[PDB]
Amino acid sequence: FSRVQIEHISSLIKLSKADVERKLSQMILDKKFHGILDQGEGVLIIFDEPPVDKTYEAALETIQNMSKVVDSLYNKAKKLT
Amino acid sequence: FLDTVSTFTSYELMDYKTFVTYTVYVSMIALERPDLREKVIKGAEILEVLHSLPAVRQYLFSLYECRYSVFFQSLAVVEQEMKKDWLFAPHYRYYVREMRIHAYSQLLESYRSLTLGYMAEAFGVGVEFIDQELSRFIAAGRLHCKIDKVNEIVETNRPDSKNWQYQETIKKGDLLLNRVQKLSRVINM
Amino acid sequence: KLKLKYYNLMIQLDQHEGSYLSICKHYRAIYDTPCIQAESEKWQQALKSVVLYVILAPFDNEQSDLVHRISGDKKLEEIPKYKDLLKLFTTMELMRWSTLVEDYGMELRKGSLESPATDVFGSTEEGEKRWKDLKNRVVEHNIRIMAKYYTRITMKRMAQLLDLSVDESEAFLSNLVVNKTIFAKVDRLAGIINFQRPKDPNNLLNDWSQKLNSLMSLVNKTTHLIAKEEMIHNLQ
Amino acid sequence: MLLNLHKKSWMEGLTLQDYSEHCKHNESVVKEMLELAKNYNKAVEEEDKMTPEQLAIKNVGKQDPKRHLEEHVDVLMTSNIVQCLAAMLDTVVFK
Amino acid sequence: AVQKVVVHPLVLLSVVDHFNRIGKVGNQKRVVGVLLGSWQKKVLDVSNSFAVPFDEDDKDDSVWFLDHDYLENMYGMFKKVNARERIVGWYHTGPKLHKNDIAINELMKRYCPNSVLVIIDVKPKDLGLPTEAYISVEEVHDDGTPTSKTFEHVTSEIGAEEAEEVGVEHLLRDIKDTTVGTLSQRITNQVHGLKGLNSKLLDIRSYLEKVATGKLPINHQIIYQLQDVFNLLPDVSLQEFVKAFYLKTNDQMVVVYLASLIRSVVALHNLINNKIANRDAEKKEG
């Protein structure tokens, strides 16, 4: 269950809320646990939007395509001088 | 420098303790927090030579302890050692503000909506200090976030999963297509 | 046919401690002995004992067609307890659990056949185990339809619909969600809890392939429209 | 007519059905083959960015080109199927 | 029963060339012959056929006859040379079947368990894939009338195997092939769209015309239910259909993003390499 209260999820894990909030947030620090907690109302919500794949393809192309035009700087600026 | 103690001491390696300070000072920046404690705490051979000097060891275990009341004092001793060592002069200016965003990265990531009253519980004192401190660090470009007061909401954020996701296309494409626009319009004539 | 009678010895071992699933097909194996009989009380008590263990076994895809194999027999419907047991299974909906206690509390006084009360309520600890199991099966039967219909629900309305406390709702929702049969969302403090839904790509499969799966019937509209049109126009 | 009879293959079965079957699938599981096409984007174009640098090393064309040309332009022609047939939804849904 | 049939161009031409046979002598009525089918599975396939001389009086519009000796020994001829071929039914050129066509199938039901009759069209005009397929079945009715036979429509598709592909694929010599990705899909957007407009138009014109003239009745064996199926989905937003909108917008994101990526790659390679070989050929020769 994504959205859950912190006190009764600490009742399922049988632990105090202080080190439940800090360990769960430590799991968010590890990125293995997708989600975040809420201290104000004592809520914990899980949400994810995994795929970056298209940005990886884009960046891989264009970032190297910089050096591509740098490689064309050699030939096309050689005919000038 | 992951080899650590396997280099022992040599005339070309100068003082071995200085080499230990070189690797332990540089391992706190680009290394992840679980990877940081995996290097220093889980490392069997490196742990003793970093234990001999309490200055950096205090900064290592307090960084994992997350206490912010000893940070700038331990960073003062670390920075004082950073000033008097050669080749470290150009690199400390970014190294410090990087330790700000390093320690504040685990400060905000605790809760999406954080009550600054809970932050001010044990700080000594963080009521009005974290307001001007973190803000002036946000204005610089370190750990950008939107925090609210008198509503007592520190909202983290901003993932930047929309603009920055598609931004590299147009960003890189700006100078990319610019650099091909030069070579296109130069020749012929 | 003594080897077929040894099954009645082995049902004590399979039903003894941890397996309510092993009695599924094996209680149908002991059911073949009354088929040769030439018996009355043991035959009729075999019909009820084999039809009343459906609650014992957990819900599974095999349990559906299982009770569908025994459903439809001319000898089985003679018992009103089978009418109630079938009433809750088919079409589901809702029935007060106290009424379920009324129909399942009279089976001790009912009989004729005492064998179902001997296997279920004959033992105190096993009877109580099947009381809480019955509670978990009827609340899971409620969750099964409700979860497919959520969307969302409220916590207080769940408490009055399930006829149990809110903490018992969280307990039954806890051991059902660790079974990963239904992925839920439960927050009691705000009062808004919800079950399902996909949780799909969803931008391609759900929105695209399903909408234009209805456009299959939209482009097939005129095709079968003119068909049935000509059908009713030709015969009269 | 027998010309159009075999043209039912590449045109459409009824001249209506098969590309109304392209309105049946219609991006549906057709993004799965776009995911394999964008896997052909990553695959073919990660070795396509190695080509122009090598062209600067060997000075220049080895004749060549690898081809490694066109391709996903056709995937963008299926994107013309995406924009058109989905723009039909405004006509389908409204009246 | 029979779901769909595969009509090759060979059987269609085998009816149409016989429409030239009796068409040069004329005059009225239609070309009727015996259909040779091939049943590998629930999907039906057609390979060969043969046509028999047929005449039908109008007087007496219900009178019909065929030559059984022609059906017998020629089936003995075609089964001999090809053991896979057998008669699955008969066929006629329509264009619209008169009520007498039922008894023809009822007579040849002794030859085949289920005889599917294929209406065909010798002159292509409208609206689409030619011919038609009707299977002989008894559906009775929901009104419980004494069982009567209204032939159910079987969807017909055109296909081939190997040699039948060779002949026609060379015989086209007409339009570009395909071409894939450019003209293909958009011309299909014209044909399937516009022929779908005039289809339901003329079909809804028959919906109102049959109510205006022709009653009884045709309203409503299926009129009330079929028309309500038209009223099933209007179907507009609010709400979730608004979510599908910008979700579809989020779907076009990736593909057009990839489009700009191919633009950068195609422009990079082609422009750089062409200008290289261009400036080099000019500076070396000049």
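Structure determination for the deposited model, as stated in its record, used cryo-EM, and the stated resolution is 7.0 Å.

Under the PDB entry, the name given to chain D is 26S proteasome non-ATPase regulatory subunit 14, and the source organism is Homo sapiens. The title line of the PDB record says "Nucleotide-driven Triple-state Remodeling of the AAA-ATPase Channel in the Activated Human 26S Proteasome".

Per the PDB entry, chain A is named 26S proteasome non-ATPase regulatory subunit 11, and its organism is Homo sapiens.

Glancing now at the overall build of chain D. The helix and strand inventory of chain D stands at 5 helices and 0 strands. For chain D, the C-alpha radius of gyration of 19 Å lies well beyond 12 Å, the compact-globule estimate for 95 residues. For chain D, the C-alpha atoms occupy an extent of roughly 60 × 35 × 20 Å along the three principal directions. Counting the 95 residues in chain D, one finds 40% classified as buried.

Now for the overall build of chain A. In terms of regular secondary structure, chain A is built from 3 helices and 3 strands. Order of helices (α) and strands (β) in chain A, N terminus to C terminus: β-α-α-β-β-α. Counting the 81 residues in chain A, one finds 43% classified as buried. Pairs at least 24 residues apart make up 38% of the contacts formed inside chain A by residues separated by at least 6 positions. A total of about 4500 Å² of accessible surface is found on chain A, and carbon and sulfur atoms cover 62% of it. Measuring between centres, the 12 positive side-chain charges of chain A sit 9 Å from its 12 negative side-chain charges.

Across the contact, 44 residues belong to chain D and 52 residues belong to chain E. Interface area lost by chain D to chain E is led by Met1(D), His6(D) and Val93(D), which between them contribute 16%. At the boundary of chain D with chain E, the tally comes to 7 residue pairs in polar contact. Breaking the side of chain D that touches chain E down by element, the ones donating at least two residues are α1 (2-10), α2 (17-21), α3 (32-48), α4 (51-58) and α5 (73-93) of chain D. Considering every element that reaches the side of chain D that touches chain E, the biggest residue donor is α5(D), with 12 residues. Residues of the side of chain D that touches chain E, tallied by class, amount to 25 nonpolar, 10 polar and 9 charged.

Let us look at the environment of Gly61(D). On the secondary structure map, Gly61(D) appears in the loop between α4 and α5. Taking C-alpha positions, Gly61(D) is 44 Å from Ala87(D), a pair spaced 26 residues apart along the chain.

The next point concerns the sheet that holds strand β3 (residues 153-155) of chain B. All names here are of chain B. In spatial order, the strands read β1-β3-β2; together these 3 strands make up an open sheet with antiparallel pairing. Edge positions in the sheet fall to β1 (113-114) and β2 (146-148), since each has one partner strand and no second. When β1 meets β3, the two strands line up antiparallel, connected through 2 bridges. Across the sheet, the residue bridging to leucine 114 is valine 154, located in β3.

A separate point is the side chain of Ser74(B). Examined against the element boundaries, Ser74(B) turns out to sit in helix α5 (residues 71-83). Given a relative accessible area of 5%, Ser74(B) falls into the buried group.

Take helix α1 (residues 2-14) of chain C next. Residues that lie three or four places apart on an α-helix share one face, since the helix turns once every 3.6 residues. Between its terminal C-alpha atoms α1(C) stretches 19 Å, which fits the 18 Å expected from 13 residues at 1.5 Å a residue. The largest bend in α1(C) comes to about 25°, at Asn8(C).

Let us now look at the state of the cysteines. One pass over the structure, following the stated rule, counts 0 disulfides over all chains. Free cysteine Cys145(B): the closest other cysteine sulfur is in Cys66(B), separated by 17 Å. Note on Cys84(D): no disulfide assigned, nearest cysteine sulfur contributed by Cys23(D) at a separation of 7.5 Å.

Using the criterion set out here, one finds 21 salt bridges over all chains in the structure. With its nearest N and O atoms 3.5 Å apart, the salt bridge here joins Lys42(D) to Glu57(A). Placement of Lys42(D) in helix α3 and of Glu57(A) in helix α3 (residues 53-76) is noted, with the two residues assigned to different chains. Among the salt bridges present, the one from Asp133(C) reaches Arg137(C), with a minimum N-O distance of 3.2 Å.

What follows covers the arrangement of the chains. Across the 8 pairs of chains in contact, the largest number of contacts is found between chains D and E. Nowhere do chain B and chain C come into contact; their C-alpha atoms are at least 16 Å apart. Of all C-alpha pairs spanning chain B and chain D, none lies closer than 14 Å, and the two are not in contact.

Now for a negative patch on the surface. A grouping of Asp55(E), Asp57(E), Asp60(E) and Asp61(E) is seen on the molecular surface, where their side chains present a negatively charged patch. On the secondary structure map, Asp60(E) appears in the loop between β3 (44-51) and α2 (68-81).

What follows covers the interface of chain D and chain A. By a widely used convention, the size of an interface equals the accessible area lost when the partners come together. Taken together, the contacts link 9 residues of chain D with 9 residues of chain A. Summed over both partners, the interface of chain D with chain A comes to about 800 Å²; 48% of that surface belongs to carbon and sulfur atoms. Across the chain D-chain A interface, the total number found is 3 salt bridges. Our enumeration of links across chain D and chain A arrives at 6 residue pairs in polar contact. Of all the secondary-structure elements, those providing two or more residues to the side of chain D that touches chain A are α3 and α4 of chain D. Among the elements that line the side of chain D that touches chain A, the one with the most residues is α3(D), at 4 residues. A breakdown of the residues in the side of chain D that touches chain A according to their chemical character gives 3 nonpolar, 1 polar and 5 charged.

The side chains of a regular strand alternate between both faces of the sheet. Residues and elements named next belong to chain E. Direction of pairing for strand β1 (residues 4-7) relative to strand β8 (residues 155-158): parallel, over a ladder of 4 bridges. Paired with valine 5 across the bridge in β8 is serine 156. Sheet topology note: the β1/β3 ladder contains 2 bridges and is parallel. Bridge pairing links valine 5 to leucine 44 in β3.

On to the sheet that holds strand β1 (residues 152-154) of chain C, then. Residues and elements named next belong to chain C. Here 3 strands make up an open sheet; going across it, the order is β1-β3-β2 and the pairing antiparallel. Because the sheet does not close on itself, it has two edges, and the strands there are β1 and β2 (184-185). In this sheet, strand β3 (residues 192-195) lies alongside β2 in antiparallel orientation, the contact comprising 2 bridges. In the strand pairing of β3, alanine 184 is matched with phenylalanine 195.

Before going further, it helps to examine the packing of aromatic side chains. One pass over the structure, following the stated rule, counts 19 aromatic pairs over all chains. Here the aromatic rings of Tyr16(B) and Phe19(B) are separated by 6.4 Å at their centres, their planes lie at 35°, and the arrangement is tilted. Taken together, the positions of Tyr16(B) and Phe19(B), both in helix α1 (residues 16-26) and 3 residues apart, correspond to about one turn of that helix. The exposure classification of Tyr16(B) matches that of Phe19(B), with both residues buried. Between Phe121(C) and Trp131(C) the ring centres are 5.5 Å apart and the planes differ by 15°, which places this aromatic pair in the stacked class. Pair noted here: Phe121(C) is in the loop between α8 (115-119) and α9 (124-149) and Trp131(C) is in helix α9, with a separation of 10 residues, a long-range link. Pairwise contacts between aromatic rings join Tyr59(B), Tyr68(B), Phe71(B), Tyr104(B), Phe123(B) and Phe137(B) into one cluster.

Helix α7 (residues 240-285) of chain E packs onto α3(D) with a crossing angle of 25° between their chain directions and a minimal axis gap of 12 Å. Our classification of the angle between α3(D) and α7(E) gives roughly parallel. The two elements α3(D) and α7(E) cross, and the hand of that crossing is left-handed. Between α3(D) and α7(E), the residues in contact are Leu34(D), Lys38(D), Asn41(D), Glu45(D) and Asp48(D) and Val255(E), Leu258(E), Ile262(E) and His269(E), respectively. Taken together, the residues that form the contact of α3(D) with α7(E) break down as 4 nonpolar, 2 polar and 3 charged.

Thresholds applied
Residues numbered from 1 in each chain as written, not as in the entry; some residues may be left out. Chains lettered and ligands numbered in written order. Part of a larger assembly, values for the part shown. Heavy atoms only, no water. Helix = DSSP H or I, 4+ residues; strand = E, 2+ residues; numbered from the N terminus. Rg over C-alpha atoms; globule rule 2.2 N^0.38 Å. Buried < 20%, exposed > 50% of the residue type's maximum accessible area, 1.4 Å probe, protein only. Contact = heavy atoms within 4.5 Å. Areas by Shrake-Rupley, 256 points an atom, 1.4 Å probe, with all protein chains shown as cover. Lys, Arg positive; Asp, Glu negative; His and termini not counted. Charge placed at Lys NZ, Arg CZ, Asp CG, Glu CD. Buried area = accessible area lost by both parts, 1.4 Å probe. Polar contact = N/O pair within 3.5 Å; in protein donor to acceptor, adjacent residues only side chain to side chain. Nonpolar A, V, L, I, M, F, W, Y, C, P; charged D, E, K, R; others polar. Pairing = 2+ DSSP bridges. Expected span 1.5 Å × (residues − 1). Bend = angle between axes of the 7 residues up to and from the residue. Disulfide = S-S within 2.5 Å. Salt bridge = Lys/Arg side-chain N within 4 Å of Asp/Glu carboxyl O. Patch = residues over 30% accessible without salt bridge, like charges linked within 9 Å, V, L, I, M, F, W, Y side chains within 5 Å. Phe/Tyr/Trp six-rings, centres within 6.5 Å; stacked < 30°, edge-to-face > 60°. Axes fitted to C-alpha atoms, helices over the stretch in contact; angles between N-to-C directions. Parallel < 35°, antiparallel > 145°, perpendicular 65-115°, else oblique. Left-handed = near helix turned anticlockwise from the far one by under 90°.

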